[PDB]
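A.B. asks: here we go, the starting part of the complex in its complex frame:
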Amino acid sequence: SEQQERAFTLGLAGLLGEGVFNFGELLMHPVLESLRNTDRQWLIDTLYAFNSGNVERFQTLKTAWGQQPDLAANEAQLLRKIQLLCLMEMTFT
């Protein structure tokens, strides 16, 4: 329960700062995803948008639904990350 509120801010803050361009490498790691099962499900479904996604336009908005603060400055920025996430996938898929 302490780590299910860890992934609460871990998924948020890790998504907030864009200094890390990938951020999705180890996001499938088993020990963190066991916390992502107990964690709020809509936060994980929008994490899969940045993990795979990308759009999924409803999910990238969902992170702005539940948690209002700290996402106001990075909103238009996280709208940019999903725009560069499709460029690599559509040729990869």
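C.D. replies: Arrived safely. Numbering: from 1, shown residues only, chains lettered A, B, ... in the order given.
A.B. asks: and residue A:92, how far from residue A:54?
C.D. replies: Distance of residue A:92 to residue A:54, computed by C-beta to C-beta, to the nearest Å: 12 Å. Heads up, the C-betas are built off the backbone N, CA and C, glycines and all.
A.B. asks: do residue A:46 as well
C.D. replies: Counting by C-beta to C-beta, the separation of residue A:46 from residue A:54 is 11 Å.
A.B. asks: what of residue A:24?
C.D. replies: Residue A:24 is 10 Å from residue A:54, by C-beta to C-beta.
A.B. asks: so between residue A:46 and residue A:54, which is more surrounded?
C.D. replies: residue A:46 (24 against 21; other C-beta atoms under 10 Å).
A.B. asks: now do the contacts for that one.
C.D. replies: By C-beta atoms under 8 Å, 6 or more residues apart in numbering, the contact set of residue A:46 is A:56, A:59-60, A:62-63.
A.B. asks: try 6 Å
C.D. replies: A:59, A:62-63 (C-beta atoms under 6 Å, 6 or more residues apart in numbering).
A.B. asks: which of the residues you listed tops the neighbour count?
C.D. replies: Among the contacts of residue A:46, the one with the most neighbours (other C-beta under 10 Å) is residue A:63, at 23 neighbours.
A.B. asks: contacting residues for that one?
C.D. replies: So residue A:63 contacts residue A:46 (C-beta under 6 Å, 6+ apart).
A.B. asks: could I get the full set of helices for chain A?
C.D. replies: With DSSP state H as the criterion, chain A has helices at A:6-16, A:30-38, A:41-51, A:57-66, A:75-92.
A.B. asks: and then chain B:
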Amino acid sequence: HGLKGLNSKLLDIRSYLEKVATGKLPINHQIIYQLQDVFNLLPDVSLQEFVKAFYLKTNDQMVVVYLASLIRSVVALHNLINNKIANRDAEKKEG
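C.D. replies: Below is chain B, added to the chains above:
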């Protein structure tokens, strides 16, 4: 290069399918698919996606066939002429 290249292709792709089945981990991660996608600069799959490399395909064979046509012409002129010369000089002048 096709044998040793594509046998490890089949040995690994069968073990990579085995991953989902059993033996997980290795996840790997991530090295497996990463350089596989570097292999993906050209797949090459159906069909070859060579529409830009099609005219360039034969265009690389352009001069290779031209020289092979040009060399064999004069190499013959060196081989055919000189052989006929030296042959009849010895052959008919002896008898």
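A.B. asks: once more on the contacts of residue A:46, with chain B this time?
C.D. replies: Listed by C-beta atoms under 6 Å, 6 or more residues apart in numbering or on different chains, the contact set of residue A:46 reads A:59, A:62-63.
A.B. asks: out of these, which is nearest to chain B?
C.D. replies: Among these, residue A:59 lies closest to chain B (C-beta to the nearest C-beta), at 23.4 Å.
A.B. asks: ok, that closest one touching residue A:48?
C.D. replies: No: in this structure residue A:59 lies outside contact range of residue A:48 using C-beta atoms under 6 Å: 7.6 Å.
A.B. asks: OK, now which residue of chain B is nearest to chain A?
C.D. replies: Closest point on chain B to chain A, by C-beta to the nearest C-beta, is residue B:30, at 5.9 Å.
A.B. asks: I'd like the contacts of residue A:46 laid out as a markdown table, including distance to chain B.
C.D. replies: Formatted as a markdown table, the contacts of residue A:46 follow (distance: C-beta to the nearest C-beta, whole Å):
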| residue | distance to chain B |
| --- | --- |
| A:59 | 23 |
| A:62 | 27 |
| A:63 | 25 |
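A.B. asks: and which of these is nearest to residue B:34?
C.D. replies: Taking C-beta to C-beta as the measure, residue B:34 sits nearest to residue A:59 out of the contacts of residue A:46, at 25.7 Å.
A.B. asks: show me what from chain B comes close to chain A.
C.D. replies: Counting by C-beta under 6 Å from any C-beta of the partner chain, the residues of chain B lying close to chain A are residue B:30.
A.B. asks: helices of chain B, residue ranges please.
C.D. replies: In chain B, the helices defined using DSSP H lie at B:2-21, B:31-38, B:54-94.
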